[PDB]
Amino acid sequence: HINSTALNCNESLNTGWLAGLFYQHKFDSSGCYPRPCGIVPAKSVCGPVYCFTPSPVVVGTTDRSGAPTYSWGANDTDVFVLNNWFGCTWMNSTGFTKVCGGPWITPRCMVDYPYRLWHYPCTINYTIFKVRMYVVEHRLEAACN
């Protein structure tokens, strides 16, 4: 499982964004419809791929047939079968957050997951609320503004 994380990270400009994969890092910035989820080549993914049902779920690397691979997303055969849940999010190789469907259950609330601060640094000053989601009633922690 842990060997199934696409880890093709590349800091073309040494801006320090890659530190957020191991730990939160002092960060500040002034500058701070999605397409359907298809098959994402693992070569262009850096870090875990999260999908929301609306609960966050880690999607590891698999081949195009769905068999789990354990090559850290370095082989060309490794992809992410994301066509199913409501949306997925991940980091590309050059530090851009990719979405498809994302974790926005409300125009101002978002599902909270371990790598939210990394994928969406804009939401660092958000408050975590235990909100209720109607899908059956599901309750989950959400970072809201």
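When you see a residue number, it is the position in the sequence shown, counting from 1.
Colleague: Check the entry and tell me how many residues of the deposited sequence have no coordinates between residue 32 and residue 33: none, 1 to 3, 4 to 9, or 10 or more.
Modeller: Gap between residue 32 and residue 33: 4 to 9 residues without coordinates.
Colleague: How many residues that are in the deposited sequence but not in the model lie between residue 95 and residue 96: none, 1 to 3, 4 to 9, or 10 or more?
Modeller: Going from residue 95 to residue 96, the model skips no residues of the deposited sequence.
Colleague: Which is higher on mean Cα B factor in this entry, 21 to 29 or 123 to 131?
Modeller: Per the PDB entry, the higher value belongs to 21 to 29.
Colleague: Can you tell me which stretch has the higher mean Cα B-factor, 114 to 122 or 61 to 69?
Modeller: According to the PDB entry, the answer is 61 to 69.
Colleague: Please pick out which of 44, 106, 55, 89 has the largest Cα B-factor as recorded in the entry.
Modeller: Of the options given, 106 has the highest CA B-factor in the PDB entry.
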